[PDB]
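One structure is given below, encoded as C-alpha cells.
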Amino acid sequence: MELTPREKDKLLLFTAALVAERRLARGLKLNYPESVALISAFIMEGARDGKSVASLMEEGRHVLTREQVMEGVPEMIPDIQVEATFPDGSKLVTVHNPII
Amino acid sequence: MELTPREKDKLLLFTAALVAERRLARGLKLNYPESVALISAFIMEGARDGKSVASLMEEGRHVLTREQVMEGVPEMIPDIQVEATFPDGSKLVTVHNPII
Amino acid sequence: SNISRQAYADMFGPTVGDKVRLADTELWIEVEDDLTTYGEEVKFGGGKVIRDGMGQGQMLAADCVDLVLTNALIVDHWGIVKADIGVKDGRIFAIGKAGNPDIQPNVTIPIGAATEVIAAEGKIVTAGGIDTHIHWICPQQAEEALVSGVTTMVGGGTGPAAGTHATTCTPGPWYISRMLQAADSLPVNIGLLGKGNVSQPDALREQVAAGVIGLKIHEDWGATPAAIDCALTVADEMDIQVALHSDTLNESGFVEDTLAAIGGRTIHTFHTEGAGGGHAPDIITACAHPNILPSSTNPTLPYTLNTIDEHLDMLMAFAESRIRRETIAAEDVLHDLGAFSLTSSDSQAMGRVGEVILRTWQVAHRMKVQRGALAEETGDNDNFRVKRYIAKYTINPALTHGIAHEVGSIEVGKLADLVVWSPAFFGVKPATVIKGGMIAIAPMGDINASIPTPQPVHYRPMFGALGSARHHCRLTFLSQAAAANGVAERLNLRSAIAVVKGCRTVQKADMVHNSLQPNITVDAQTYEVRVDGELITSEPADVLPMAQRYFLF
Amino acid sequence: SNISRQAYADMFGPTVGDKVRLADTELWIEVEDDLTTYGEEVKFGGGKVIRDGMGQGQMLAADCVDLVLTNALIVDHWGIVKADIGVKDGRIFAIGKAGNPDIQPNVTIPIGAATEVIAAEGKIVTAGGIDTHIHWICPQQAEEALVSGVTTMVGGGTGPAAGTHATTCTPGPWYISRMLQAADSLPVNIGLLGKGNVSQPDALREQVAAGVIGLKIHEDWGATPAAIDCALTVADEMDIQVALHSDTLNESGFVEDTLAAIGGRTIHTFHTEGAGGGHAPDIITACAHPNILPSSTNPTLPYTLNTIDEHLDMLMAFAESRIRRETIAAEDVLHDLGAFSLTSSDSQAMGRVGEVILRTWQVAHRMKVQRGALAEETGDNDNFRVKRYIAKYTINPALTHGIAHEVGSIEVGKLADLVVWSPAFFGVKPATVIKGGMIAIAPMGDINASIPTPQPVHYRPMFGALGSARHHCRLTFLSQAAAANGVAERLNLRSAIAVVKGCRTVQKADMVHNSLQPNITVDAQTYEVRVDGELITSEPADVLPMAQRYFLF
Amino acid sequence: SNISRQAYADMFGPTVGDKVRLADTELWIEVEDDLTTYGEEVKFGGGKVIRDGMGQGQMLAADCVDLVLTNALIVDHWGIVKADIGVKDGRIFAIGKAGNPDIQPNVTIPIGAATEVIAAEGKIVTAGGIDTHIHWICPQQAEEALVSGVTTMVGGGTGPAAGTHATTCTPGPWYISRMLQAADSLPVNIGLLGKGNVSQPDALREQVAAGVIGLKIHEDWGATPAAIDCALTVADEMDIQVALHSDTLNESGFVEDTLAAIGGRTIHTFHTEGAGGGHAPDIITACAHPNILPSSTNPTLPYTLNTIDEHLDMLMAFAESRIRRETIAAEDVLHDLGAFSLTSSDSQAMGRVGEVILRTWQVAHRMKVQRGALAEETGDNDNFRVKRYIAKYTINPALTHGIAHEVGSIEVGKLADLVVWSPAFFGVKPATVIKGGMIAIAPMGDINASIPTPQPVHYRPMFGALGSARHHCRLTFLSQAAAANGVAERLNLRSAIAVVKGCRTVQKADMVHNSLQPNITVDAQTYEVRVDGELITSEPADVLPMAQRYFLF
Amino acid sequence: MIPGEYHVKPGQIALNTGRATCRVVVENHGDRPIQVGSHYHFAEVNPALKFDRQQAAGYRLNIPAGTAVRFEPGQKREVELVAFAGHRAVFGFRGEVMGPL
Ligand code: NI
Ligand code: NI
Ligand code: NI
Ligand code: NI
Ligand code: NI
Ligand code: NI
C-alpha cells in the first residue's frame, strides 16, 4: 500500500468515527470528540465519491442535529475542517456551524 | 492482550481493509491501496479459519475482478503478500496477479 | 550474442530510444543516452555479475565507491540518461559505468569489497527536492516532506505560535539558537529564516550572526518600504537571501512602490501569484524583473474545479481581492513558459508540505494537455518540459538560497541526497529516499515477515534517520557570519555544517530552464493577466492524475 | 472612539467585571484587573498592531523579550488579571503592557524584531502543574502528564518493577544515576526520591549525594519509628524533603506513635486521607499539625457513586479498614477548607497520572454545589475558591519540595512553564503547553493540510520536546550535595540543572490559601471525622463535569 | 510450622520435585534444586519480608546488590533451579539466597536500602537470546526481537538496499562506521559482519580494523574457494568469526571442494540444512566436521504442512534443488540429536526476526511427540531436552562469535540481560525484558490507569531503552583491532564497548549439549539423509503450540 | 493507460561486440547439477565439468550479463565464450591465475 504518514493519520480519524457511529446507532447523544469524528469521516467519504467542495460544505451541516448531541456540544464546534483526496487532488472542506 | 509490535502493525492493515470494504459496498471502483488492503485482510482471516497456504494462494485471486477496480490498478499489483498465524505457525501467502 | 529490446528492458531497465510514462500522467520521457557497454551491465544476485573477481574488484576502500546504484534512469535538469551512480563519502562520486577494471571495459565507477549495492534497474532516480517556504509549525512536517521526496527544508518558525502560523520567521537569537539545536533531530537538511521586518539594521545583523541564512519580510510584521530597504542592505552585506510577502493592503504603496524600494536588488518573491499574499491584485507582475526570483506555493497548483471554493475559507473584503480566478489560471501557464522559476509548499499556512513534487507534475500534465508541446521540445517526447519542471523544486530553489554548491542536483561533488522511484509511482510515493549516502526512509513491510515485502507496507524511518548516523548524513546551513563566530561549537551542534554563499549575485537569467522575463500586465478592474497584450489563461481540471488512484484518503 | 463591551470581549478577550465559566462546571471567575491601556492593546496579524515602527520597536534582542503572550487572562494564586506576558531567556520577564515605547504609552514589555508572538486573547493562562507523587513505572507517563498541563514531576522508580509498582523509590546510587540520565529524554522537569527506609543514616546520605531531592518512607519497606527518625535526621542535615506513607497495619504503633517519631520535624504526608495508605483508620488527623504538609492522591477526588466499588479491587481484612466512605467523604470538604494543601496523582499505583488538574476542579465544583460560597469570597464570583484550588497543584507542591524558586507560579524570574487554555476546555485539554519558553506539546491537525486545524487533531510533541532544544528547556533537580560533588558532570547530564532548598523550613502556615490546622478527630469504631465536634461529610456525585462531554472513551 | 506444597507453590512458586508445563506444549520441566531455606524466603509487599531490619539490612550500597529477582525458577543450560538472583553494576552478582544476614541464615545476596526488587515467584527466568543471523534491513527489527526475548543481535546491513536484502554484510569502513554510530540508538547489544568476499586480504583487514567482529561469505558476492580461503586467513589473524552461505550453484565446486578450501579452520555455517542457501543438495553434510559450528534459520523450524508451499515463493530451476522435503524433515531430528548447535532467524531474508525462541521450542515439542525421551534424559521430565534446546539460542551462539565472556547465560560476572516469563506464555510473550540491569521493554497497560494492568496492554519501551540510560545498558562489540585503533573514541560511540575473542579456537566439541558429529550422507538423486546408513526423517505438523492461542493475527 | 508503462522500441541489442569468442563442448561428469554465471572465469569452473580448459583461459560465457547456463548431471552441450577485457587480470575463483592473463 505504501502508506504515507498522512494516510495513516486519517485511519485514526476513520476509526474514531466508527466509535461515534455505533454509539449514535444505540441512541446516545454524542459528545464533543464523537461529533467531530463522525462529521469529518462523512466528508472524507464524500470526497472519495467525487462530490464537490461546495456540495460538502452544505451537506456536512445536516449530519447531526442539536437533539442528537449533548448540551453545549454545538457551541464547542463553531466549524469543522478536513482534507481529502478529491478527483482533482487534496482540497480543504470547512463546514461552519455544522450542528444546529 | 500483550500485543507485540507485529500484532499492532496488522491492526493497521485490518483497519485499512475496513475502509476499502465499505467503499466497495457503495459500488465504487477501488484504487491501489484499497485493493491491496482488502485482499490482504481476506487472506489473514483465511489463515485464522485454518485454511492452507495452497488454498489461499488460489482463493486470493477471486476477491476482486478488473471491473471492480480503477484502470491501471491490476497492473500496479503483480502480486500480494501477507503473513498470518496459521494453525501450524506463521506462513507467507503470495498471490500472483490477484486481479484479473 | 543478441537479446530483444523488450527482454533487455525487463532485465536492465529501458535504454536509448525507449519511452516511459510518468505515473498515470500523459507525460512521456525518452532515454536520451546510455553510458553502459552492452553485455557488461552490472547486476547483483546469486550467480550474477557483482561478485569477487568478476564485477567486483580487489581494490581497497579508498579506491572504490561505498555505494553504487545500478542501471538507474536519471531524470535531472541536464538530461535523462541511463547510467550507474557511484557514491563515496556521502557524496556523488561519478555517473558512468560501474564494475571491475580487471576484466571489464570502460569502468569509471570501481566496485570493491567496500561497495554496497542498490539495484536501480527499471527505476528512475532524481535529486532530493528542496522546499524553501517552510513554516516550522510542527516537527512532524519533516517526515511528511521526506516521504514525498523532499530532502532540504528552508523556512522559519518556533512551533505552533501565532507568529509562525502566519510567517516563516524564527525571531531573534534565542529562538534561532533553540531551533538550530532542534534541527539535529530532523532527517532533512535545514536552513532558517529570521524576522526581516525592522528599520534598525543591527537588529537584523544579530539574527544573521546567530545563524539564519535568510530574512523573511512579511506584511504581518509590516512590509513597508523602510523595512524592505533595511533587510536588503543587510543581505547585500552578509550574503544571505531575502524572501518577500508584500503589502496586500497597498497601505504603504502599490506594487511599483515596493519594486522601487527593492531597487534592483536580488530578492525571492514568495507565492508571486498573490493568493498566498502580496499587493492586490498585481504582485504577479514581479516576474518581469531580472532581480526577482519568483516562486509559487502549492494550493493553487494546478487550477482545478474546487480551487476557488476552498480558498475563501483557508483565508478567512480583501478576500475577493486576494483570491482571483484570473491570476490563478495564468500562474499555470507562466510556469509552463518559465516565467515562474520555483515551486514550494507554504506548509500549513496555505500550503501542503507533502505535495510540492506531486503538484508540480500535475501542472506539467495539465499544461501539456492544454498547450501541447513546448517550442523547445525536440522529438516525440516531453523531455524538455520534464527538465523545465524538475528544475523548479531542485536546482532553482538551491540557487536562489545559496546552497547549490552542496545540493540541488545529481552532479559530482554534491551531497548524495537521492530519491528512487518506480515509474508507476513517480512523484507520488518513492521507493527509497537516500540522505547523505544512507537510506533515511522507505516503504517497509511486516517487520517479522520472512521478506520485507509482505503487508502492511508503509513508510518507516531507516538507519539514516537514527541518532549519530543522522547527524553525519544531514546538513545544517549557516550564514558565513555564524560559521565564523563559531555558532556550531557554541550551541554544540552535532550535524554536518554547510555555509550559504552566492545569494546576492543570482538573478532571473540564472534560473535553469526558467529565465523568462515577460512583458506582463494585470488589469486593475478585471484582473486579467496579459503578456505582450495577449490574454494568459487556462481551464480548471475536473480530474487530475497522481490523485485518487494512489491515496487511501 | 468607543466600542461595546461585547465586541471588545470578542476582540481582546474579557476585561474587568466580565465573568467566564470554567469549562462545563458551575465555577465562574471574574476579571479583577486589566493592565492594558484601552486602545493600545497589541494584536498580531495582517494590518494589525505588532508591525515595524508600530507595535514593534527598533530595539536589539537584549532590550526586548523573546516571546509575548498577548491579552492573556491569568489565573494564579495571587490574582485573576488580564495582561500581556513577556518571556526572556526561558523565564518570565514581566506581566504588564507589551508594545513599542516609541509610539505607545505605558509599555513595560518591549516587542522587537527578536520577539515571537502567541495570541492569548480569549484564553486563560496558568502555571504548569507540579505532581509530587509519581511512580516511575513507565516513561510514557511523562507525555500523558504533560498533555494534561503538568510540567514538573517528582517521584521515584526504576520501571515496572515490584518495588516501583508499590513505592515512589529509586533505590541506591546505581539506579538513581541511571534514572537521572534517562530524565534528559523526558519533556518535563524531574526530581527523584530515594528509598528512605533504613536505620543506618549513611545508607541515606549516599542516595542524597547521588542525586535524590527527597526520600520516601513507605510501609512496604518498613515505616517503623526507627526508619522515620533516621530519614528525618538526614533530611534536616541535607535540606531535602521526606514523603511519608505510614504503617497501615499499626504494627509498630498507632498514628500518634508515628507523629511522636516525626517529632515536629517537617514532612510531606502522601494520601493523607488513608485509602492510598496510612494508619487505619486515622492517618487523616495528620492535617492538624503545623509541621505536616498534607496532600491527596486523585482516585478519591471527588467522592462519587462508583468510588467505593472500584477501590476494593484496585487494592486487593485490612481492605475494609483502609477503604472508608467516612474519610473519603470528609477529604473533599477538608480541601475546600484548606486543611489539605496539595493534590497529586500516585501514578499507576492507585492514581491517574493525567487527572490531577481535572479532578482538583471537579472537587471545587462539587464543593461549591454542596457548600456554597467560601467565607473568604468577595463579590458574586468564585475567585477565591479558584485561587485556593489552583494553589494545590502549582505553588504548594513547589514549596513543599524546595523548588518554588524555579517553578510553581507565574512570577517574574521563574522558568516559563505555562499552559494556555480555551475557557471551554479549561483543566481538560490545553491549547498549548510551554516548557522553558518553548512550546513542547499541543494539539495538531493534519500535517499535510493547508492549515494546522483540519482533522484529525491530537496532541503531538513540538520543538520544545526535541533533543537539545528539550535539554535547554527542562530542569533536572538535584540535592545541594549532588550538585556540589559534581554529579551532573560525572553522569554527563545534558539538561539544565536546578538545586532544591528550603525543604526543612516550610510549614503548614506557608501553604498558600491552604494553611488550616483543624481540631480534627476520627471515631475508632465508626470512622466518622469531626472538626471541633462537628461532623464533616459530603454527598457522592452521580455525574461530574469535565467528563463525558470531552473524552472519546 | 508446616505448609502444604500446593499453598507453598502458590505463594513462592514451585519447589524441588514440582513440574511445570512450558506454555501449551507437551514439554514439562521439573525443579532440580532449591537454594532457599524454608521459612526464610524473601517476599516484597505490605507487611512482608523485605523491610528495614527484617529482610532488608543496614549495609551501604557497595555491600549490597542493586537488584534482586526473588524466588525465580531459572532455566539455563546448566540447570533448572529455584533461587534468588542478585544483580550489581549491571551484571549478575550471584545466584543463591537473598536477605539480611543480621537476622536470616544462609544469606548470599545482601539486600539493603539500595536494592530494587523484582518479584519472580511463579515466574521462569532465562538469559536473553542471541541471534547471529541478522540482516539489518530496518531498525524496527531490534524492538521486534527484543520483545520476543532476544537481547543480542549480530549481523550486517546498511538498510533496505539490494546487498543487505540478500546478505548479512555491512560493506566497508564508511558503512561500518555509520552503522556502529546508529547502533547506539538500538536497545540490544550489537556486533557487525563485513563483506568477506574478496581475494585481497587487505580489503578485509580494513573492515575488521573499522569495527566488524566477523566476515560473511555469501554466494551472491561470490563464495569461491579463493574468497573463502582469504577470509579464513584474515580471521585466524584477527580473531574474528566467519559465517558462510556457500555456492548453491556448485559453480566453483561441490560441497567437498568448499570443505577442502576451509581446510579444517573454524567457521560458522549459516542455514546448514540448505533451503536458505548452500551447495545443492548436500550442504547439510557439514555438521559432521569438528571445525564447523552449524546453525539453522527459522522458516524451516519445525517441519509443518504449509512449509514447502510457502517456501517456493519466498525463494522465487534451482528452486526445487534448494527446497527439499527430505533435508527439511531431517533438520528437526538433527537438532534433537545435537548435530545442529544453533538456531537463528535470517531476518527478512527467509527468516522471522521475532520467532527464533518460539520456533526452537516448537521443534522440541514436535520431537518429543515423535521421538519420545532422549537417551540422556533422567526422571519423568524433559529437563535435558530443555537444556539442549535453550543452549541453541543462548550460550552456543555466544561461543560461536566470541562474546560468551559477556553474555549467553545466567552466570556470575556476565551482563544482566534477563527475560522473565509467566509459564503460560513461556517462549511466546515475556513479562519483563532486562537489559544490563534495567528493564528495557515490557507489556504495559493504560498509562492513565490507576494501576499498570488495565487494557490495552501492549509492549512499550521502558527506561532501559531511553537515551543515556540505554547507552549504559547495552554493548557494542568490536574486533580487538578496532578497539586498539581507538574506533570508539573516533566515532564517538556512547555505549559500553565489548571486545570479541576466542573465535578461532571454538569447535563442535565446545557446543553445549550439541556436539554430535554424525556420519551423515545425502543421496544425490533422492536427497534422502542418512546417519550411519539409517534414514533420518520426520512427519510434518498440522497444528503447533505457541501459535493461534496467543496471537491476534 | 497503464501507470509508468514502457514504450520499448522494437529490435535487438548486440552484446559484447568486437570481442574474441570461441565455442567449446562441455560435459557435466558430476552427479549433481552445476550452474555457471555470465562473468565467471570459465577455465576455473567446477572440476566435474569436462572441457578444454586451455582454450577457456581468459574467457567467460557470452550470454546476457547476470544470466547463467545450467548443466544437469551427464549433460553435454556447446557454449560460446567471450574474452575478458579491462586489464585482463584474473583474481579469485579457484585461485589458478591470480594475476594478468
Ligand atoms: Ni506569505
Ligand atoms: Ni508562508
Ligand atoms: Ni502510598
Ligand atoms: Ni504511591
Ligand atoms: Ni544465506
Ligand atoms: Ni541471510
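To find a chain, count down the sequence lines: A is the first, B the second, and so on, and within it residues start at 1. Only heavy atoms go into these numbers, but all of them, side chains included; no hydrogens, no water, no symmetry mates.
Looking at A:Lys29 and A:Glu71, no side-chain N of the basic residue comes within less than 4.0 Å of a carboxylate O on the acidic one, giving no salt bridge. Of the charged side-chain nitrogens involved, at least one lies within less than 4.0 Å of a carboxylate oxygen, so that C:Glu310 and C:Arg352 count as a salt-bridged pair.
Most heavy-atom pairs under 4.5 Å with chain A, from the set C:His458, C:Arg359, C:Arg460, C:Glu355: that is C:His458. Heavy-atom pairs under 4.5 Å with chain A were tallied for C:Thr304, C:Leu544, C:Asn306; the largest tally goes to C:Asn306. When the candidates A:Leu11, A:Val93, A:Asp79 are compared by the number of heavy-atom contacts under 4.5 Å with chain C, A:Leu11 comes out ahead. Chain A forms the most heavy-atom pairs under 4.5 Å with one residue out of C:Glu143, C:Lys429, C:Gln455, and that residue is C:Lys429. Contact count versus chain C (heavy atoms, under 4.5 Å) is highest, among A:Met44, A:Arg48, A:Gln81, for A:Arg48. The residue among C:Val457, C:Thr307, C:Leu305 with the most heavy atom pairs within less than 4.5 Å of chain A is C:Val457.
Minimum interatomic distance between A:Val73 and A:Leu30 (heavy atoms only, all atoms of both residues): CG2-O, 4.0 Å.
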Derivation of the side chain to side chain contact (heavy atoms under 4.5 Å, CB included) call for C:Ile118 and C:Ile439: CA-CA 10 Å; C:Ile118 281 185; C:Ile439 296 173; 4.1 Å; yes
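Between C:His133 and C:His271, the angle of the ring planes lies from 30° to 60°, which puts this pair in the tilted group. Between C:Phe425 and C:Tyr550, the ring planes lie perpendicular to each other; the angle is over 60°, past the 30° to 60° tilted range.
Only the side chain of C:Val147 comes within contact range of chain A, judged by heavy atoms closer than 4.5 Å.
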